[PDB]
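Lettering of chains follows the sequences in order, A, B, ..., and the numbering in each one begins at 1. Every heavy atom of this structure was used, including side-chain atoms; hydrogens, water molecules and symmetry mates were not.
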Amino acid sequence: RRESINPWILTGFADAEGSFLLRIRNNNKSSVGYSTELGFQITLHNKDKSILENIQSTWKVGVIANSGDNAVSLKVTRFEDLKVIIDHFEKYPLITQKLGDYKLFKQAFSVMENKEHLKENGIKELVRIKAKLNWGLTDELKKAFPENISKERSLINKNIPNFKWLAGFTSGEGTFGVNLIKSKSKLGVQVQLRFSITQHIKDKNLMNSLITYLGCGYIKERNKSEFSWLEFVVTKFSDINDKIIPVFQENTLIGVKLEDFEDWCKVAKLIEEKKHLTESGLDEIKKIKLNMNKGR
DNA sequence: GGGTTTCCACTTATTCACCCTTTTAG
DNA sequence: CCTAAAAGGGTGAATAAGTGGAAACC
Ligand SMILES: [Ca+2]
Ligand SMILES: [Ca+2]
């Protein structure tokens, strides 16, 4: 752990990458036949381990471990430590549908705080809570509690609270790219800066507000077969240079994605100076693109 | 102790990120 | 003609969520 993370940036990053967990596990050693585990977790690629360590030192809770060969995770399940998680998301609330999952996390916390999870009465309530959380109930767990159990919950419809949140959220779902377009120009290569944010259609309302909230961009309806998601995209350079860049200069990104923004800004300064029309500039832009994003 | 909590190892599905070329605008 | 802007996408893997196993605590 090194530095601390702004609380609203943390909530925005949690809106993007965090997830709440509730385990209801068969257990022959448990008086009620089941044991439980409640908490919150973030799984990232190895290269962003510094974010996990910064979150850990901000909250002073959580356990960092490997998550396969290429990922690393921060998990909070120590029950007393979950109070920190509750206190944070009460002061700095989530604004995506994940708020719904967090609200269920809170109900489960109340049950385990009353120690009711050690009685069949509490287990049954935890099953009702888990039925509306994330993937919901497995077929086995559903058959183990025959009663009628609702799986539906209230949709979340909230607004971007501030740029600090947007910087956290963008550090997760954002991308700063450079399109090399084969154009009918003299150089034969048009340089195009592209900024975009991706999100499932379950939060269409939040995605469309980005247009209004940022004063630029458009929405693209995408789908890979049976799956749908949205993509907010800005390609006009004046918007990128006047509206997108300054927002993130003043609300600093986190993770390696910050380096991608810094490099993205160099290309922006080149364009701004028209150096992107000279061949020496084009070669500098190619060098930058090669060493950012995957190429880094 | 023994029932309960906490942690580490590891997997799985799809929502992301990040990429491309072609077409149209101005 | 010329450059910027948008359109129209392709797709692998970093995410979100998850289970198995057990040391260890109260
Ligand atoms: Ca997400
Ligand atoms: Ca991410």
Side-chain angles (χ1 to χ4, degrees), chain A residues 14-48 62-73 75-82 96 98 101 112 115 117-118 130 133-136 138 140-141 170-181 183 185 187-203 216-218 220-223 225-231 233-240 255-257 260 271 274 276-277 289 292-293 295:
Chain A
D15 259 317
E17 318 290 18
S19 79
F20 296 89
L21 60 88
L22 166 58
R23 306 191 69 183
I24 303 180
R25 314 177 60 173
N26 277 121
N27 196 329
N28 288 325
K29 298 182 67 177
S30 296
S31 299
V32 75
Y34 298 88
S35 57
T36 70
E37 191 173 2
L38 186 68
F40 166 87
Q41 59 181 336
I42 301 176
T43 297
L44 298 172
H45 182 292
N46 293 325
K47 65 194 165 195
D48 279 322
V63 119
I64 292 180
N66 282 337
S67 190
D69 300 329
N70 292 324
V72 68
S73 62
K75 303 189 202 291
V76 191
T77 69
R78 198 167 196 98
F79 189 81
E80 269 295 299
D81 290 349
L82 300 180
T96 70
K98 192 160 301 155
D101 296 307
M112 294 165 78
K115 297 294 179 178
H117 65 302
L118 311 180
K130 182 172 182 61
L133 169 70
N134 300 336
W135 283 190
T138 65
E140 186 197 9
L141 193 50
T170 296
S171 299
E173 322 289 40
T175 179
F176 308 89
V178 180
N179 277 336
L180 302 190
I181 303 170
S183 280
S185 308
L187 254 168
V189 174
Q190 174 197 350
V191 181
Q192 178 185 57
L193 287 185
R194 174 189 269 256
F195 171 77
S196 74
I197 296 178
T198 299
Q199 198 74 355
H200 188 277
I201 64 181
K202 76 169 60 163
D203 268 304
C216 62
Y218 44 91
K220 301 175 46 181
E221 298 168 358
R222 303 291 310 283
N223 68 331
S225 296
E226 69 229 54
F227 305 101
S228 302
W229 70 91
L230 301 180
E231 198 168 15
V233 183
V234 185
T235 38
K236 177 177 292 190
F237 176 77
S238 57
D239 293 328
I240 283 190
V256 73
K257 192 168 300 306
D260 297 330
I271 314 307
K274 258 68 175 63
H276 72 291
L277 297 196
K289 173 178 164 65
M292 58 189 291
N293 292 338

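In this structure, A:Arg194 does not reach the B:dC18 phosphate: none of its side-chain N or O atoms is under 4.0 Å from OP1 or OP2. Taking 4.0 angstrom as the limit, A:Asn66 places none of its side-chain polar atoms (N or O) nearer than this to OP1 or OP2 of B:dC10. Taking side-chain N and O atoms only, A:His117 has a distance below 4.0 Å to OP1 or OP2 of B:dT5. Proximity of A:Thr235 to the phosphate of C:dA5: no side-chain N or O atom is located under 4.0 Å from OP1 or OP2. Within the 4.0 Å cut-off from OP1 or OP2 of B:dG3, not a single side-chain nitrogen or oxygen of A:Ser35 is found. Contact annotation: A:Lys236 does not reach the phosphate of C:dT3 (side-chain N/O to OP1 or OP2, under 4.0 Å). When the side-chain nitrogen and oxygen atoms of A:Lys47 are compared with OP1 and OP2 of C:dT15, none of them lie within a distance under 4.0 Å. Distances shown here put every side-chain N or O of A:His200 at or beyond 4.0 Å from the OP1 or OP2 atom of C:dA16. OP1 or OP2 of B:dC19 has at least one side-chain nitrogen or oxygen of A:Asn293 nearer than 4.0 Å. Regarding contacts with the backbone of C:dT3, a side-chain N or O of A:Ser185 is found under 4.0 angstrom from either OP1 or OP2.
Between the NZ atom of A:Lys257 and the P atom of B:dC16 there is a distance of 13 Å, rounded to whole Å. For the pair A:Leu82 CG and B:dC7 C1', the computed distance is 14 Å after rounding to whole Å. Between A:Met112 atom CE and B:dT4 atom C1' there is a gap of 10 Å when expressed in whole angstrom units. Atom-to-atom, CZ of A:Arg222 to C1' of C:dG12 comes out at 14 Å; the value is rounded to the nearest Å. The distance from atom CD of A:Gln190 to atom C1' of C:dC1 is 15 Å, rounded to the nearest whole Å. Rounded to whole Å, atom P of B:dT14 lies 17 Å from atom CD of A:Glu173.
Residue-to-nucleotide contacts include no donor-acceptor pair under 3.5 Å from the side chain of A:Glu17 to the base of B:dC16. Side-chain to base pairing of A:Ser19 with C:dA17: no donor and acceptor N or O lie closer than 3.5 Å to each other. For a distance-only test at 3.5 Å, the side chain of A:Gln41 fails to qualify as a donor-acceptor partner of the base of C:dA16.
Heavy atoms of A:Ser196 sit nowhere under 4.0 angstrom from any nucleic acid atom.
The listed nucleotides are C:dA17, B:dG3, C:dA6; the one nearest the side chain of A:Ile181 is C:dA6.
Toward the 5' end of DNA chain B, the nearer of the two residues A:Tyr34 and A:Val63, judged by each one's closest nucleotide, is A:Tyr34. The residue among A:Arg78 and A:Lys75 whose nearest nucleotide of DNA chain C lies closer to the 5′ end is A:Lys75.
Comparing the local axis fitted to the first five base pairs of the helix from B:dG2-C:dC26 to B:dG26-C:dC2 with the one fitted to its last five gives a bend of 40°, rounded to 10°.
Residue note: B:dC7 shows a south-type sugar, the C1'-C2'-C3'-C4' torsion being below zero.
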Can you tabulate the close N/O pairs, meaning under 3.5 Å, that link protein atoms to atoms of nucleotides 20-23 of chain C?
from   : atom 1 : to      : atom 2 : distance (Å)
C:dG20 : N7     : A:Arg23 : NH2    : 3.0
C:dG20 : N7     : A:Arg25 : NH2    : 3.4
C:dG20 : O6     : A:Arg23 : NH1    : 3.0
C:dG21 : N7     : A:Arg25 : NH2    : 3.0
C:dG21 : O6     : A:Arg25 : NH1    : 2.8

